[PDB]
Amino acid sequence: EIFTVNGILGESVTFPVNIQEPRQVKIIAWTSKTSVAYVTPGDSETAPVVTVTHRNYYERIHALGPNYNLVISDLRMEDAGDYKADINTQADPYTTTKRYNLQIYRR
């Protein structure tokens, strides 16, 4: 269940979320050692809107549509560790949680 993702220092990495087409997302909350960001639905082609909630992450968090895949860019060694998405949707279970372990490599 804890999915391992590897990223390269100074580059970008994608966290697989892949929200399917019957599910409707209300808000996804991302956390690590600090809160990271909240992601909310975009539009026709506005991609999901991302609100960053710790200064360590400002300008480094992007979200992809329609999957709601998270991209963190300009990776730092300090980004490594456990991440959690609490995915909130209109219908039940209402909240589903996904776990990730990011490891960072200077290459």
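Residue numbers run from 1 along the displayed sequence.
Select between 62-70 and 33-41 the stretch whose C-alpha atoms have the higher average B-factor in the entry.
62-70 has the higher mean C-alpha B-factor.
Return whichever of 52-60 and 23-31 has the greater mean Cα B factor according to the PDB record.
Per the PDB entry, the higher value belongs to 23-31.
Taking the Cα B-factors listed in the entry, which of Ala91, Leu9, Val13, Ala85 comes out highest?
The record points to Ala91.
What third of its chain, lowest, middle or highest, does the C-alpha temperature factor of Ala47 fall into?
According to the entry, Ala47 has a C-alpha B-factor in the chain's highest third.
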